[PDB]
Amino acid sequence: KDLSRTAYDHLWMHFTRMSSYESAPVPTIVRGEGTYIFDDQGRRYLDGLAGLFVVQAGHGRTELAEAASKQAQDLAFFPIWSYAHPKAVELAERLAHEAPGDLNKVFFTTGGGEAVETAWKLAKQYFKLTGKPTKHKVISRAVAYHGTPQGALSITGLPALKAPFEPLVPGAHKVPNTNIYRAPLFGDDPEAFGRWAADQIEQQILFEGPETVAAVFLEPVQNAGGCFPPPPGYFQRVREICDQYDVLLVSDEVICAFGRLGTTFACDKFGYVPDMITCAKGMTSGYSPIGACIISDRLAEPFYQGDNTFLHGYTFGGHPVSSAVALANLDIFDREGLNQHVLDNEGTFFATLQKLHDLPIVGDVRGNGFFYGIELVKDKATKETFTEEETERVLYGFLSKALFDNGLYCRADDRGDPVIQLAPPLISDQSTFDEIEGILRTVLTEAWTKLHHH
């Protein structure tokens, strides 16, 4: 088992340092039940990230497995290319019903990067069809991750993910994120900080020329950097800026949609209506690949006239089996009231994690719904962060291994500053939150002993 090398010899894992497995076993997950996963040695771990911000309803759902086999037996695949099949139609209508405003057109994909590509392409062709052909640029936030195909990667704001692959698609420009914990200005004033951070988008539009800007892409709660919720008033101001300058607002809800924040579409949690939503991940609780770009009827109008066509598509978009699974997943959400469960429990989950503020290594606890980041520090009074050496030895060398070994699968990361991130299945309850807090308390107390002076 330990000397088995099948994965190292053939499976090129995603965003993974493969040399780690030349002489050591690859951690292999074989089974899930509810909020737990099991490895190939029969060890059990709490699935603190719902796989990869995906498994909303929990593992082991026979209802979803049976929905897949029932549809696969009848019609597993037919393309939605000048043809429809019933489950894609039903799901498009259902998503349209749930989406706000006139977001009534559903362009299905398999993944979230594919949906982000769809949104930027749609914006470009929309502006060509409506006589504004210079509109093509896109604005997004520093540190944000929007996916990996080269268009989406241009919108991604993590230079380490981009430098080996440049040049990418022209036209992407970055603005500050809303990390109030480290705000250079207005850190003590959320409303003023929100207005400032939104106005940075207006400034970038002005710097590049509004007639050349097509769209702004924003996650409702920013993932990379550690769960930055939107300041009060932020999205309202962004919506106003986008309206003023004729720029489209894309709510990138690949993590946030499907109940992560307690609503089907996360824009509704914050009271804004975007022009498009990108989504994927939790639409099926991950049980079968599918996602979508959901699009305002205003944007669809020119494409629905005469001999015009949105020249875009994916073989597997709107897949019958995935569509059937998605509908079965939304049926679970409705019958079990998962969205309201998250709204009803977000306050106690946050409060439970905030108990960790009595530990010296904990600098911040932040997030919304069932999505939280805990930022680690050398000194909470000055917010002194880890050195690079401390990040390598303590965050990755010690903490990441110790969390898993103590029974908690979650994310330890330093895309921004050192953070532990949590996004468990939406069936999690107080017992789950207590289990998480207890393992974090053990391991974070141990981690503090490995920091020098601190």
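The first residue of the sequence shown is number 1, and the count goes up from there.
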| item | value |
| --- | --- |
| Residue stretch of maximal mean CA temperature factor, 93-101 vs 144-152 | 93-101 |
| Stretch exceeding the other in mean C-alpha B-factor - 71-79, 179-187 | 179-187 |
| Out of 162, 260, 137, 335, highest CA B-factor residue | 335 |
| Residue with highest C-alpha B-factor in the PDB entry, from 169, 214, 311, 119 | 311 |
| CA B-factor ranking of residue 269, expressed as a third of its chain | highest |
| For residue 327, the third of its chain into which the C-alpha B factor falls | middle |
| Chain third (lowest, middle, highest) by recorded CA B-factor, residue given as residue 17 | highest |
| Chain thirds of CA B-factor: placement of residue 52 | middle |
| Lowest, middle or highest third - CA B-factor, residue 349 | middle |
